[PDB]
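Peer 1: Protein chains in written order, with the deposited numbering: chain W, 1 to 85; chain X, 1 to 62.
Below you'll find the structure I mean.
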Amino acid sequence: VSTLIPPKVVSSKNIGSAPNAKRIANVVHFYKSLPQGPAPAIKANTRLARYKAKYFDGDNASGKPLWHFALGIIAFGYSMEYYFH
Amino acid sequence: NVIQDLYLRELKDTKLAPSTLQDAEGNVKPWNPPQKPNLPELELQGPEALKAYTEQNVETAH
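Okay, here's the thing in structure tokens:
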């Protein structure tokens, strides 16, 4: 006798699958993400975004700003030594 | 000789034997015609069954 009609309705393998939850997530997350960004280091732009670019990028952990800032404090109280002299 | 006597006697004196077709009938099966040339029964008419079936089995695909 005639083969039954349950297989001709699908709406329980289309909404009844687990990656649907991931699908609706990653259509929003990925589709709505700019493939590229603006600029990594730019804070303090006044030729001191350049200071950030040379020293406070994630492209270096080089000791130069530390040295520079340290030397600043040496310059601060030392000048004041000759101001207090 | 004796061959002729018997031959003659038998042939001449008997040449009819009983033979009634009616008596035969008792000993054989009677012909009678087939019964029930019934046309097939029609069932599962309408999409009433189908709509019921689509709904009825919850698992339509899992």
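Virtual Cβ for every residue (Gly too), placed ideally from N, Cα, C.
Please decide whether X/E59 counts as near chain W, where near means a Cβ-Cβ distance under 8 Å.
Peer 2: Answer yes: the Cβ-Cβ gap between X/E59 and chain W drops below 8 Å somewhere.
Peer 1: Can you find the residues in the same chain that come closer than 8 Å, C-beta to C-beta, to W/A49, ignoring five residues on each side of it along the sequence?
Peer 2: Counting only Cβ-Cβ distances below 8 Å, and skipping sequence neighbours, we find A41, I42 and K43.
Peer 1: According to DSSP, is W/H85 helix, strand or coil?
Peer 2: The answer is coil: DSSP assigns W/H85 none of H, G, I, E or B.
Peer 1: Please report the residue range of the alpha helix (DSSP H) in which W/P19 lies.
Peer 2: Looking at the DSSP string, the run of the alpha helix (DSSP H) that includes W/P19 is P19 to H29.
Peer 1: Quick one: what does DSSP say W/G37 is sitting in, helix, strand or coil?
Peer 2: In the structure shown, W/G37 sits in coil (DSSP, three-state: anything other than H, G, I, E or B).
Peer 1: Report yes or no: do the region 6–22 of chain W and the region 48–60 of chain X share at least 3 C-beta pairs separated by less than 8 Å?
Peer 2: Taking 8 Å as the limit for Cβ pairs, the verdict is that the region 48–60 of chain X does touch the region 6–22 of chain W.
Peer 1: Between which two residues does the alpha helix (DSSP H) holding X/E25 run?
Peer 2: Start and end: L21 to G26.
Peer 1: Is X/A61 closer than 8 Å to W/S17 when the C-beta atoms are compared?
Peer 2: No, the Cβ-Cβ distance between W/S17 and X/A61 is not below 8 Å.
Peer 1: Which residue marks the beginning of the alpha helix (DSSP H) containing X/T54, and which one marks its end?
Peer 2: It spans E48 to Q56 - the alpha helix (DSSP H) in which X/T54 sits, taken as one unbroken run.
Peer 1: Run through DSSP, which three-state label would X/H62 get?
Peer 2: DSSP places X/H62 in coil when its eight states are reduced to three.
Peer 1: Looking at W/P65: is its Cβ nearer than 8 Å to the Cβ of W/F56?
Peer 2: Closer than 8 Å, so yes.
Peer 1: Which residues of chain X have a Cβ atom closer than 7 Å to the Cβ of W/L4, listed in chain order?
Peer 2: Near W/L4 (Cβ distances below 7 Å), the residues of chain X are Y53.
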